[PDB]
Amino acid sequence: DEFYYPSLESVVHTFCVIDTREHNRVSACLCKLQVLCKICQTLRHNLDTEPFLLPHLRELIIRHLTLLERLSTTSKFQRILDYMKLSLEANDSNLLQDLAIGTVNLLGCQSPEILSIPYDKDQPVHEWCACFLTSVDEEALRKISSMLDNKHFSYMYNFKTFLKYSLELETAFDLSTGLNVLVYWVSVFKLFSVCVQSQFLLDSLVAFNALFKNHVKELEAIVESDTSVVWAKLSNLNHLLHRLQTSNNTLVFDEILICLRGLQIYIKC
Amino acid sequence: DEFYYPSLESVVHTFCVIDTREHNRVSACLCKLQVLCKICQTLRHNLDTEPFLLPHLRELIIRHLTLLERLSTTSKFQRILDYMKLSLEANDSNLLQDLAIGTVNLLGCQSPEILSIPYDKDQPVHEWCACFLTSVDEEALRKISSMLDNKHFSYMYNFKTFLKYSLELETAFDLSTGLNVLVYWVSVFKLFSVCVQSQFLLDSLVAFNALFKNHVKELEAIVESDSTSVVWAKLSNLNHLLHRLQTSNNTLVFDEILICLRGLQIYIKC
């Protein structure tokens, strides 16, 4: 269950756990520094991929719709699918609203009673998803809720993780599970659309880069409380951290990781 | 550990392994595909980075040189350090030779016997690393040359890996080992230089992309020679993905394909 970005709260909690369990304050700082190196590296990956995420998700719903075509029985049904599919190809300002009306209209065909629940423009995603999902056990709903109710975006699960749960929605290729998957992926698309327009990933990355600097500093000040190896390695870290403001790239993160491993091993003995 | 790219030869081995292990021809195809999906995905991650790789590696060496200046007993040693550093900054046509003669010469300061040792530019890089490493055990030599001797670029290790074995070399921090390390990074730099000059990662990405796309076609045939059939659906999906992959060769697509191959395994096992 990888994250697109983890919340600050999760990280502060992780740091506390580390503070409570490493004795050596220099170790502890170094653990936190690994943890932060990983995160900023993943987050850099995720940001470099970001400009492709919503195009990709558009095309994914289209495929899924394209698979739904095989289960069509009515000409209304297929016309809803065509509207949805085609919409997903262009930039209508109301794409996201139409994707949800669209999804409920499909659901209407197979079950007409559902159609006179009133469409709430501003109803939260996870609440829509919960509403229109059918025949899903309460453990799945929970997981889905933990993913879709992400505390006003304090975190965001990643694409691969949402794929993993879509596969668990599939357990015998009938229409209902078909429309379940559509609900899920439209939800997920709504959520990523907000998360990408607001640029939450950029924000998170800035914050955690800050946090990452603040611990390199914190590590110097800690070691300055005990001209050999440490001080070469610390100059490396410093140079690395330094270059990281020119070039936030994965290569730089790989050196920082091994540099950190560098110190941990030295300080063990 | 991890490869900048693997050899076809190794993958061909994993395949034959799979082929004899797996009950079904379908099952086998899918494993093969899962292996090829990871590999292609990793190789695209690597090729997006490659434009940054040589600049990074230079910048690393420059760093090691400044560090060695803390240990510059002599002013000759200093003058060479400066010369190597100016050379990495200029990134000239002569760089690699600048690096090699530099290194051999810093070494010569430590012990002059070293300077009578014959070598050339066409000599394989691992051979050169072996000569010029001082007192490292038959243990170190073995792994180094397995990294460095990559059998005429059949495979390449990635940077994370070369870093990893750098660490296991910073063992005793003297002039001596600070030169072993210089040597190793010069050697590594020369390998990646040739690798990037010669576009071996792109080559390997193209082959492995062919090899993945064509085994998807194989799987489709195979499956057929045996609407609400979730196989036929996943298969159709799989096909759309592969087709998109050829115009947007990107990590989100590989991720969708993986989940989809897993789906396909899960269903056929029944």
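Sequence lines set the chain letters: A, B, ... in the order given, protein chains first and strands last, and positions in each chain run from 1.
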Does a sphere of radius 6.0 Å around CD in B:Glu139 hold more than 12 heavy atoms from other residues, nucleotides or ligands, not counting ones at 6.0 Å or beyond?
no
Check whether more than 12 heavy atoms from other residues, nucleotides or ligands sit under 6.0 Å from atom CD of A:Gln245, and answer yes or no.
yes
Within this structure, what is the NZ-CG distance for the pair A:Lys160 and B:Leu258, rounded to the nearest 0.5 Å?
5.0 Å
For the CD atom on B:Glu69, are there more than 12 heavy atoms of other groups (residues, nucleotides or ligands in this structure) within a distance under 6.0 Å?
yes
Give a yes or no on whether A:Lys217 atom NZ has more than 12 heavy-atom contacts from other residues, nucleotides or ligands under 6.0 Å away.
no
Using a 4.5 Å heavy-atom cutoff, which residues in residues 258-269 of chain A come close to chain B?
A:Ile258, A:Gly262, A:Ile265
Which atom pairs, one a donor and one an acceptor, fall under 3.5 Å between side chains of residues 42-52 of chain A and the rest of the protein, sequence neighbours left out?
unit_1  : atom_1 : unit_2  : atom_2 : d
A:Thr42 : OG1    : A:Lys38 : O      : 3.1
A:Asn46 : ND2    : A:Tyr4  : O      : 2.8
A:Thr49 : OG1    : A:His45 : O      : 3.4
A:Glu50 : OE2    : A:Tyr4  : OH     : 2.6

May I ask you to list the residues in residues 228-238 of chain A that approach chain B closer than 4.5 angstrom, counting heavy atoms only, ordered by number?
A:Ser228, A:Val229, A:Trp231, A:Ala232, A:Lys233, A:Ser235, A:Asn236
If one checks every heavy atom of B:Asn250 against chain A at 4.5 Å, the contacting part turns out to be side chain
Any chance CD of B:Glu224 has more than 12 other-residue heavy atoms, nucleotides or ligands included, within less than 6.0 Å?
no
Please report the interatomic distance CZ(B:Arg63) to NE2(A:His239), rounded to the nearest 0.5 Å.
8.0 Å
Side chains of A:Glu59 and B:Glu256, heavy atoms from C-beta outward: is any pair under 4.5 Å?
no
B:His56 versus A:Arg243, side-chain donor and acceptor atoms under 3.5 Å:
yes
If I measure from the heavy atoms of chain A, does B:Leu57 come under 4.5 Å with its side chain, its backbone, both, or neither?
neither
Please classify the contact of A:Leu251 with chain B as side chain, backbone, both or neither, using a heavy-atom distance under 4.5 Å.
both
Heavy-atom contacts under 4.5 Å, residues 161-187 of chain A to chain B:
A:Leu163, A:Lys164, A:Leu167, A:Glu170, A:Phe173
Is it the side chain or the backbone of B:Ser229 that comes within 4.5 Å of chain A heavy atoms, both, or neither?
backbone
Please flag which part of B:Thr251 lies under 4.5 Å from any non-hydrogen atom of chain A: side chain, backbone, both or neither.
side chain
